[PDB]
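Read off the chains here:
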Amino acid sequence: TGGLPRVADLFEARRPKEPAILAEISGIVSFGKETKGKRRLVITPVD
Amino acid sequence: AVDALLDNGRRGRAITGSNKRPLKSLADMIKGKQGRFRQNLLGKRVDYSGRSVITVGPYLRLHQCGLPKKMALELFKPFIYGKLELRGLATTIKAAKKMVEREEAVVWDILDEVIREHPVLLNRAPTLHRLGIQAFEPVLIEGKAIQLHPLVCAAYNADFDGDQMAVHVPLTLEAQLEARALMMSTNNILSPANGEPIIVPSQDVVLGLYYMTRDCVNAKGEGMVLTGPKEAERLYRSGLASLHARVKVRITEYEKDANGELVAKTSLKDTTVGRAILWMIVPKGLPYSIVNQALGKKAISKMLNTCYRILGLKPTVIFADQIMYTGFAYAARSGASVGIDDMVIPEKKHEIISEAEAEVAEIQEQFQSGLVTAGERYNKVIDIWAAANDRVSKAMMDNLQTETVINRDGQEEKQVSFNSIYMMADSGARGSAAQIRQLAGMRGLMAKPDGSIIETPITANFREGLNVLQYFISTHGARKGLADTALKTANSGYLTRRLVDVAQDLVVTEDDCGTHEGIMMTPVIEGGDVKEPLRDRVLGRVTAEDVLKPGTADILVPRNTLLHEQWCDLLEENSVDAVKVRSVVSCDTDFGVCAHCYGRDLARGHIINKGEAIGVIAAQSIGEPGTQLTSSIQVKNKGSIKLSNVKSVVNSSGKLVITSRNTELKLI
Amino acid sequence: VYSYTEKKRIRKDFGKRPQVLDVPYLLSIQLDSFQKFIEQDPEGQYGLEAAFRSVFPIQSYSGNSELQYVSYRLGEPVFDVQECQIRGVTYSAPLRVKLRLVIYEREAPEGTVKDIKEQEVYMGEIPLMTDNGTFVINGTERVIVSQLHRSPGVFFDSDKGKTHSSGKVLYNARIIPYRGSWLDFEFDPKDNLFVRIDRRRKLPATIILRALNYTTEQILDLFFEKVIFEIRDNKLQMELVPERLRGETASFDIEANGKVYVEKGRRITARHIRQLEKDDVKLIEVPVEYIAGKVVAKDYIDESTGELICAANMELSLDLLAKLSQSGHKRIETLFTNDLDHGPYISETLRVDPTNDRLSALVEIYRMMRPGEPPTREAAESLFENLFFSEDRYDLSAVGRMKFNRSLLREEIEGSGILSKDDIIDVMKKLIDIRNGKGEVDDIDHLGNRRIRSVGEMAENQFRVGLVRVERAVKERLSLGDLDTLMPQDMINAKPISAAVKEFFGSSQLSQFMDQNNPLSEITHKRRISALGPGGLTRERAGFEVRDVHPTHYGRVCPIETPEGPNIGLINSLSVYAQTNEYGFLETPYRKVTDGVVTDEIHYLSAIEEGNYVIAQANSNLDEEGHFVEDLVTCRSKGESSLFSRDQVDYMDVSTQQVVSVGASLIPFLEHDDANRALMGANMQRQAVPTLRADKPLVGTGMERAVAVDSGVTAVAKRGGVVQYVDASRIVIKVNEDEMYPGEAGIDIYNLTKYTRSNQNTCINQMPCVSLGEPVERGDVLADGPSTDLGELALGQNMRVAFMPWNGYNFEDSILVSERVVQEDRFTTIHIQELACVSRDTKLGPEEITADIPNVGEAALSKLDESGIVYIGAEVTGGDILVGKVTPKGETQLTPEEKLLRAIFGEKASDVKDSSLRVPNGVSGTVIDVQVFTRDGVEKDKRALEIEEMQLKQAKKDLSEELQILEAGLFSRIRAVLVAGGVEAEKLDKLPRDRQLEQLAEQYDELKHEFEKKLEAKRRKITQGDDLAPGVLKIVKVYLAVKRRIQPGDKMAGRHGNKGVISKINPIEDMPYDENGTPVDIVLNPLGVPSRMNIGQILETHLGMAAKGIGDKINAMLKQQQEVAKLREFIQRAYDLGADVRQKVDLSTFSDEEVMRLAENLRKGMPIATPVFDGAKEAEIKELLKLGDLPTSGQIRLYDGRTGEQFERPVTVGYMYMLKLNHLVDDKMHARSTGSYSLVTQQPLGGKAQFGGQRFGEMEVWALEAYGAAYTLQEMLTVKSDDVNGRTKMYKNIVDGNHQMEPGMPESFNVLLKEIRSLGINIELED
């Protein structure tokens, strides 16, 4: 929201609806296994 | 049987012979709700207390309040009993009862003896934050309501409607010392959320000093010379010249050119009589330049802040009181009245409404043909009426800004219009040109029951007529306001509840530990303008590392240094933008915090000491604001375009296209 | 135009707007509803008679005792309003019902054995509504505050985007029953026609159809269109019905007659249907696509080829097509639904309801009732048919059935009560319309879902309960009634009704204690619109939308009347001109405008009919009759307030004020005031102080007398005539013969309440306004209620208010007032309080009042007479004793050295103690009246008997008046009989009053005989009327009297929403005065306005300068002792001031004598009737300051009473009408630190009553944790008032003055250690 509501959830640190995921490790990322419900986001490190 | 002692354990609620009664529960009897029935709202009606409404009291000095005789009796008896059998003006304590049984004038003098320098604690009921608790000195008042020092009520947010303050007697010398240690009136000057001297002249006192220091073109005596602001005092109290005449008076402004020795600098100033009188109140050290303005509310609060910076604590305190007494004094000299015949309405207002009429008529007709759609027509309408209000603004605002011209040393040299409205609108006290302009100009489009906007404005202003139509537009507004605050209140309390919940055990209990870490402090340069500076974040903190200057290999702020005003002015002499400060989340102190990781910004400006349980003071300070909670970008900042880490390239037409997502545009 | 009223004081009729609606009695809106309820109307009138009719003929199974209904009769009002207010007995009348109790022959074609009619049966009483919409039952007036719930009819709901939770805008329905249970409906973009029954879970719609035993081809026979597919000579065609083509797209090249009417790729919107119904082409060629995707109805199998592939209800598939379209069927009748318009709801709802017969249907509806248990089948058919079809259960009536069927646009908007099959299905058809094409949804704010429970309607609710509550013991009593046994008052008692009526009209959330302080405050309490109530829109369910404002409430819902805070949209009350519409709506007054001419026909409508009619606004420019100036006029079309040709308006609003309530009307220039300070204004007039000298607002709106006449605070006259004997508690009237009853002449009487108490324990006194020898009119006043002047609503008093900053006595809320106020004692109140006393037998021993009084001497008895009771006007203070109360002691406590001495020195030596009712701690007042109640059966001793004799004298004096006037009148007839029998006129002059004889000689005696039964019936009510209560035989309620004046610290305000508290009432010696010398009386703060925006009070300030200015003209002209013509020069100026508003001139009336009174009445200003929105103008205002010797500006340069200089730039000065609030400092200042604490808990005794210490809260605790106050917090929640012994260990400590204690234990803390001690852990602090 931008007031009490969102700040309250800030205190419970609620994982959102569509959580923006961050790249786990430095390195190349690729695909694998098309939509079966999920999809492989194979982030293979180079280092 | 053991279970019968707890409650009945988890058996079946053991009753007694022919009587439904789960037998006496020790568990619930020492504890209960909200912990126990002491540490809960159930903490009984305290002794040494007096619960009643409050009243003003101008003549009430800085370090004091006024207390009713009757409450005084009920709240000082034991002292009088011990004092009557101590001196020998009563034989026994029961004989003492009899003297006060008739209220003997004798015991009132003994009452005096136990009131003269007896610290008192004042705590209101609607108090959710610590700024509702202070300490004072008694003054015998023949009345029913507890009088209070005016320039403190703003912090209390305690008005005149039904605010009942409870008085709590600091009986032990410790509590009495705590009064005159941290809870004293002169001990709660800044807000424990930010270092500003929290009490800013609200409205009455502001206007007083506003009608004092002010300039114009026409004024009796404008031009003569005086060798002192003292005779300047005896010049206007008599009234042989006007309060805004530019008169040469020799004011002796001072300056702490030394480290405590304020070198004297006698200067001559062609100044207005009002601000000249303002100086007799101004403590030496402060520069005359700060009181050579047309008075501003932001300036008037930071004036005491700079009087706290330059002159320190003491000079600021005593000065604040002097202001209050003359605040009322010249407030009366103004006789700042406003009635129907004193207001002014532009007949250019109904002229802009004529314009505002034309356009909307034509747009609805475009819809009758079928050009603009309903929504298209919607916003179109809204925009022209908003711009119309700005024209109504550039109407009533310039009108009431400088339209008064007076014959003086030429044709008719204009001076800023002395309109009361103008004074409130420039003092900052209560004059909000937006409210005022919904009052004298077209109020505008009010929201709708949906949460959107009724495209119909409140054309007819408040001074002039209003219809039932305009009312119902604004009806959602009334509703809206009430609802939100009425509930934000409750949630803000549970907000502070969760805050105490989280930090109870944290105490600053060390000074230096062993960490050379903290986090990077950076100004929130985002969007257009640079909002929060590097300075105002670090203002009142402790430098983490040895920081270099934009100039290389030249350290300006050594590692452990307390950054205050001058050092912050030092930070802004060069162009250092990023500095690290030792953070408390990086604080190596085990189960506690060290001062070299916390800082100094508190309810004072000095070093945080060991003994300051900070967890809960954070709760209150942060939970307080609960009630106040709710295409093609052309660059407007004039600077150099610096492409940071972005890989752009020139192709046909010379367009510097972008091929990377990390396009961070900066304005070096 | 005038009455004797205007002769005493004419209010200057200032109005400019042509008015038409004669404001009715403002509580007739309650009276009339009550009138349609209880009234002799056996015709079938919707009320008591239709109510009883509904329940009658009352009988059960095989009892053979059908009870019929005849009529009823109501007794006499037991007491008068006055006695009901003084003693506190219910004001009602015995319901004497005439029940036709007819017993029938057992097992015969109903032959009568006894056709008895049992009359006047006592079925309890019914509170008669006093003609001011009031109800005095116990003590003072409690009133039935109207409520509001869901209007009985039918509902359609939205809940779009939030209750859909996907973006699929929902639009469903409901059916709000009148008397039974709900019937909800569904319709989501999920494609669902469901029905949530009664309240519980959602069931398929078809679950009802099959309970009625519905065959599939009876259900689909009514719902949709059947598409006739025809295969002629093995070619596929369809009989084109373009009417069905709504919601169908052009997939194949739509060919008809060979012509391509529809190219492939552009839906058949509303164009190609025109092109096909121009020649009605119902023969088209279709390939294969168009048919493969449908569902068939009849049973057509493969008749030429030979296979079982299709029977009933099947669609087409890719494999089997092979034999389907080559088989060749002649008439293929399918079903029809389309994915755009007609949603296949019911066609899929049968596919959700796994039933197909009555049995199964019954079962699943029972599961909606009680889930988990299996039903039977016979108790299942009983359940079903009796939930919505039993007339002894489900009812809707003409209210529910009108809004039901008119919302269905039918004509059967009156008739049945039970459900009709095709009507439930038509609402279902309308719901299909709602989720596909037509139909809209009813929002809660529109009257559509709002029913106004009225006073009489709420009575029918409580009384219907009474009917059935006792009936469960009446019905079976009819079965258990053989022949000569059951009779009225053998089945029906009084309690079964008493325990219900007294429970809802005595103390209920919709029938509460009327806040009594201001007559206006009283009307705004009696006449009120609550959104809360028994089954109303509460604050735990209704959120913010139910609270908001809706346009349709113009002229009915004043959003201004409501407390300030959370509850702000469920308290909003009615608009004055409005009246209750029969179905639960509101008759909205209008004016019939025959297009271009304003007729004076005022029409009452609703908000629903408002949507069909276009209405002009009252506040518009009309001319001469109603020939609208501009070509355009404000026309509220169908919700939109646009501009139209004036020749189209069907109606027009009554008056410009026709939108708000009383508290807003009486305050002018709201056309300049802010809505926020408008609500604040509303709030404070309802809290209008009961002042001593009640002055009426000079500049009102003309509803002053209107308050007096529409309220019941002033004793009005029901006949005109010369007053004969006016004292104070009595006003004896002689009535003029033109309206003097030919029934025992006609001498009326009006008894005035003299210095009594109220709910607020504030004083009420009807002050005699009529002197001796002054005639009245049928409709004038005799007394003055609290805060009234000559009947006229006089709340507070107006003073010379100013707006100048002046030494901090005006900081935003701080107010500064002249000491002259309390120096004249103009603003003072009287608080007469009642304190109950108990005596006469406590099981421990029969109690006696005072009798044996120890623990005192004779000093206390100086005011405790020969009864031990307090004097007839004492000055009791501090801790004295009001009345003596004795109570016995105890067995276990008597010592052996006093058991022996006990059985010697009398029967009661040391047993009876002194536990009297004492003067409340902390009060110093005066006992005025003693309300005593002798033991029911046995009298008191002497004092209570002295009070009876006291009452006796006060009553005797009055009844003798009405006696001697008729007794001596007919004596004059006897003075005419002796003349006829030989003149003895002068002989009777010399003879005593004892000297056609039969005739009047005997009538003299009867009037005296009447006089006897008069006072004895009166003393009947004096002697045995002291019934107290079972247990407490003798009750003594004392009446103290305490004047509380105006002092520094009291919260005072005004009308325009300007609050504040007097900071320091200063001596009149500091008051800034003008050139004249007359100081100012009020000094307020200016700074608020530019953000407060209540400028009307700065206009009222300048107009106030004028309203009083003219008064000072006549004031000084009367000092010159000038003639009637000089004052009339001024009257004419002040009548034709400076504009053309219709002043309604007189001068044919006595503009000499009739105005000579007005002279010394108008010398202190002039009462004006000014219209708020459409009344006074600035041109007229400045004209009156010019018409007075006042400054055109209204701003004089004053000279400080503490200086004497000119407050530079003339200051705002003039009069404004002040208004003190009921917030008093004696109800705020309660000091408690030391005293006594409770016994049940360590919590102190009291609160905001006796002993008011600070009930320290948990969050202030947290403030002390934000500070370093730890040691003080220690003693705070422990040693101070929490440790039962630690407090004394501190009291005996500071009587030495030593502030030094040790770390003591919270002792219960010591018991907490023993708690863990009896478990497993334990305390043994080591080292």
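Above this note sits the structure.
### Side note on the interface of chain B and chain C
Facing the 113 residues of chain B at the interface are 118 residues of chain C. Tallying contributions element by element places helix 17 (residues 468-503) of chain B first for the side of chain B that touches chain C, with 15 residues. Counted by class, the side of chain B that touches chain C contains 58 nonpolar, 28 polar and 27 charged residues.

### Some thoughts on the interface of chain B and chain A
Every contact between the two is made by seven residues of chain B and, on the other side, six residues of chain A. Counting the surface chain B buries against chain A, the share from its top three residues, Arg498(B), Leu629(B) and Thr630(B), is 51%. Our enumeration of links across chain B and chain A arrives at zero salt bridges. Applying the counting criterion to the chain B and chain A interface returns zero residue pairs in polar contact.

### Some details on the side chain of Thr562(C)
With respect to the helices and strands, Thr562(C) occurs in the loop between strand 21 (557-558) and strand 22 (573-574). Residue classification places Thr562(C) among the buried residues on the basis of a relative accessible area of 0%. A distance of 3.4 Å separates a polar atom in the side chain of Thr562(C) from the backbone oxygen of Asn567(C). Not counting the four nearest positions on each side in its chain, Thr562(C) is found in contact with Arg479(B), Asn567(C), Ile568(C), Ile571(C), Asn572(C), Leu679(C) and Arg686(C).

### Some points on the sheet that holds strand 27 (residues 615-616) of chain C
In a beta sheet, neighbouring strands pair by backbone hydrogen bonds and run either parallel or antiparallel. Residue and element names in this part refer to chain C. Spatial ordering of the open sheet is given by 26-25-30-27-28-29, a layout of six strands whose pairing is mixed. On the outer flanks of this sheet lie strand 26 (597-598) and strand 29 (641-645), each paired with one strand and no other. Sheet topology note: the strand 25 (residues 590-594)/strand 30 (residues 651-653) ladder contains three bridges and is antiparallel. Within strand 30, the position partnered with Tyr-590 by the bridge is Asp-653.

### Some points on the pairing of strand 28 (residues 632-636) of chain C
Put simply, side chains in a regular strand alternate between the two faces of the sheet. Residue and element names in this part refer to chain C. Two strands pair when backbone bridges link them, and strand 27 and strand 28 are joined in this way by two bridges, in the antiparallel orientation. Residue pairing for strand 28: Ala-616 is matched across the bridge by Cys-635. Where strand 28 meets strand 29, five bridges bridge the pair, whose relative direction is antiparallel. From the neighbouring strand, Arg-636 faces strand 29, where its bridge partner is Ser-641. Between strand 28 and strand 29, which pair antiparallel one after the other, the connecting turn spans four residues, and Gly-639 there sits at a positive phi close to 125°.

### Quick look at the environment of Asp221(C)
Residue and element names in this part refer to chain C. In this fold, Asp-221 is placed in the loop between helix 6 (216-219) and strand 14 (228-232). Here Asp-221 falls in the partly exposed class, since its relative accessible area comes to 49%. For the pair formed by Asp-221 and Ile-667, sequence separation is 446 residues and the distance between their alpha carbons is 65 Å.

### Here's the deal with the packing of helix 8 (residues 204-212) of chain B against helix 15 (residues 420-427) of chain B
All names here are of chain B. Between helix 8 and helix 15, the least distance of the axes is 10 Å, while the angle of their chain directions is 110°. Regarding the angle of helix 8 to helix 15, the classification is roughly perpendicular. Contacts from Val-206, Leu-207, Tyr-210 and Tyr-211 in helix 8 reach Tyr-422, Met-423, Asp-426 and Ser-427 in helix 15. In terms of residue class, the contact of helix 8 with helix 15 is built from six nonpolar, one polar and one charged.

### Re the nonpolar core
All names here are of chain C. One finds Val-801, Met-804, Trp-806, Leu-1198 and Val-1213 to be the most contacted residues of the largest nonpolar core, which totals 52 residues. Elements supplying a minimum of two residues to this core: strand 38 (798-802), strand 39 (814-817), strand 52 (1082-1083), helix 28 (1096-1119), helix 31 (1178-1186) and strand 55 (1211-1217). Top contributing element to this core by residue count: helix 28, with seven residues. Excluding its chain neighbours within four sequence positions, the residues that come into contact with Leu-1198 are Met-804, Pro-1072, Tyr-1073, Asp-1074, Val-1080, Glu-1205, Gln-1206, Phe-1207, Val-1211 and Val-1213. One finds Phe-185, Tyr-214, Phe-388 and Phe-404 within the second-largest nonpolar core, a separate group that totals 47 residues.

### Here's the deal with empty space enclosed by the protein
Residue and element names in this part refer to chain B. By volume, the largest cavity is sized at about 430 Å³. Forming the boundary of the largest cavity are 27 residues, of which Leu-62, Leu-151, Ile-189, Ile-199 and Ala-320 lie nearest the centre. Listed by contribution, the elements that provide at least two residues to the lining of the largest cavity are strand 4 (133-136), helix 11 (297-309) and helix 12 (313-334). Taken together, the residues of the lining of the largest cavity sort by class into 20 nonpolar, six polar and one charged. Put simply, the second largest cavity is a space of about 350 Å³. For the lining of the second largest cavity, a count of residues per class yields 14 nonpolar, six polar and six charged.

### So, the side chain of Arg214(B)
Residues and elements named next belong to chain B. Structurally, the position occupied by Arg-214 is in the loop between helix 8 and strand 8 (225-226). This buried residue, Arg-214, is left without a salt bridge; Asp-215 holds the nearest opposite charge, at 5.6 Å. Here the side chain of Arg-214 touches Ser-417 through a polar contact of 3.4 Å, landing on its backbone oxygen. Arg-214 has contacts with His-244, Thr-272, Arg-275, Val-416, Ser-417, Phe-418, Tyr-422 and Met-423, leaving out every residue within four places of it along the chain.

### Description of the environment of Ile103(C)
All names here are of chain C. Looking at the secondary structure, you find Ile-103 in strand 4 (residues 103-104). Sequence separation between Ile-103 and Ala-205 is 102 residues, and the spatial gap between their C-alpha atoms is 47 Å. Ignoring sequence-local partners within four residues, the contact set of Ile-103 consists of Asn-64, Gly-111, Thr-112, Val-113, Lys-114, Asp-482 and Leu-483.

### Points about a nonpolar patch on the surface
All names here are of chain B. A contiguous nonpolar patch, built from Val-635, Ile-641, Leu-643, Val-650, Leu-656, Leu-665 and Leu-667 and spanning about 640 Å² of accessible area, is present on the exposed surface. Sorting the residues of the nonpolar patch by element identifies strand 23 (641-644) and strand 26 (664-667) as the ones contributing at least two each. Its relative accessible area of 37% is what places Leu-643 among the partly exposed residues.

### Notes on the pattern of salt bridges
Residue and element names in this part refer to chain C. Taken as a whole and assessed by the stated rule, the structure comprises 61 salt bridges over all chains. Two residues, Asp-1227 and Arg-1044, come together in a salt bridge whose shortest N-O distance is 2.7 Å. Here the residue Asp-1227 occupies a position in the loop between strand 56 (1219-1220) and helix 32 (1258-1263), and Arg-1044 occupies one in strand 49 (residues 1042-1044), the gap between them amounting to 183 residues. What makes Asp-1227 partly exposed here is its relative accessible area of 43%. Classification of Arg-1044 by relative accessible area gives buried; the value is 12%. A salt bridge links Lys-1220 to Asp-1050; its shortest N-O distance comes to 3.9 Å. One end of the pair, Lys-1220, is in strand 56; the other, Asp-1050, is in the loop between strand 49 and strand 50 (1052-1053), and 170 residues separate them in sequence. Summarising the burial analysis for this pair, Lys-1220 and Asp-1050 share the class buried.

### Quick notes on the arrangement of the chains
Among two pairs of chains with at least one contact, chains B and C form the most extensive contact set. The two partners chain A and chain C share no contact, and the minimum distance between any of their C-alpha atoms is 14 Å.

### Observations concerning unusual backbone geometry
Residues and elements named next belong to chain C. Along the chain, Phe-56 connects to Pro-57 via a cis peptide bond; the corresponding omega equals 5°. Phi at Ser-397 takes a positive value of approximately 60°, unusual for a residue other than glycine. Checked against the element boundaries, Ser-397 lands in helix 11 (residues 397-406).

### A closer look at the packing of aromatic side chains
Residue and element names in this part refer to chain C. Scanning the entire structure with this criterion turns up 18 aromatic pairs over all chains. For the ring pair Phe-252 and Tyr-290, a centre distance of 5.2 Å and an interplane angle of 55° mean the geometry is tilted. Pair noted here: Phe-252 is in the loop between strand 15 (235-238) and strand 16 (254-256) and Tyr-290 is in the loop between strand 18 (284-285) and helix 7 (321-327), with a separation of 38 residues, a long-range link. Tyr-290 carries the same exposure label as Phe-252, and that label is buried. Within the aromatic cluster, the residues linked to one another by ring pairs are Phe-52, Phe-56, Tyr-69 and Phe-463.

### What to know about helix 21 (residues 615-623) of chain B
Of all nine residues making up helix 21 of chain B, seven are buried, and the element is well covered by its neighbours. Buried within helix 21 of chain B are the following residues: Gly615(B), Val616(B), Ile617(B), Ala619(B), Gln620(B), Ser621(B) and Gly623(B). Contacts from the buried residues of helix 21 of chain B go to helix 17 of chain B together with helix 32 of chain C.

### A few points about a negative patch on the surface
Together, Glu243(C), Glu277(C), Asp279(C) and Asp280(C) give the surface a local cluster of negative charge. Among the secondary structure elements, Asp280(C) is positioned in the loop between strand 17 (259-262) and strand 18.

What counts, and where the lines are drawn
- Residues numbered from 1 in each chain as written, not as in the entry; some residues may be left out.
- Chains lettered and ligands numbered in written order.
- Part of a larger assembly, values for the part shown.
- Heavy atoms only, no water.
- Residues with missing side-chain atoms left out of burial classes, pairs and counts.
- Contact = heavy atoms within 4.5 Å.
- Helix = DSSP H or I, 4+ residues; strand = E, 2+ residues; numbered from the N terminus.
- Nonpolar A, V, L, I, M, F, W, Y, C, P; charged D, E, K, R; others polar.
- Buried area = accessible area lost by both parts, 1.4 Å probe.
- Salt bridge = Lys/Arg side-chain N within 4 Å of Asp/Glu carboxyl O.
- Polar contact = N/O pair within 3.5 Å; in protein donor to acceptor, adjacent residues only side chain to side chain.
- Buried < 20%, exposed > 50% of the residue type's maximum accessible area, 1.4 Å probe, protein only.
- Pairing = 2+ DSSP bridges.
- Axes fitted to C-alpha atoms, helices over the stretch in contact; angles between N-to-C directions.
- Parallel < 35°, antiparallel > 145°, perpendicular 65-115°, else oblique.
- Core = buried A, V, L, I, M, F, W, Y, C linked by side-chain atoms within 4.5 Å.
- 1 Å grid on protein atoms, 1.4 Å probe; cavity = no way out; pocket = protein on both sides within 12 Å on 5 of 7 lines; lining within 4 Å.
- Points joined across faces, edges and corners; volume = space filled by probe spheres on them.
- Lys, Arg positive; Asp, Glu negative; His and termini not counted.
- Patch = residues over 30% accessible without salt bridge, like charges linked within 9 Å, V, L, I, M, F, W, Y side chains within 5 Å.
- Areas by Shrake-Rupley, 256 points an atom, 1.4 Å probe, with all protein chains shown as cover.
- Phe/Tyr/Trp six-rings, centres within 6.5 Å; stacked < 30°, edge-to-face > 60°.
- Charge placed at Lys NZ, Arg CZ, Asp CG, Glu CD.

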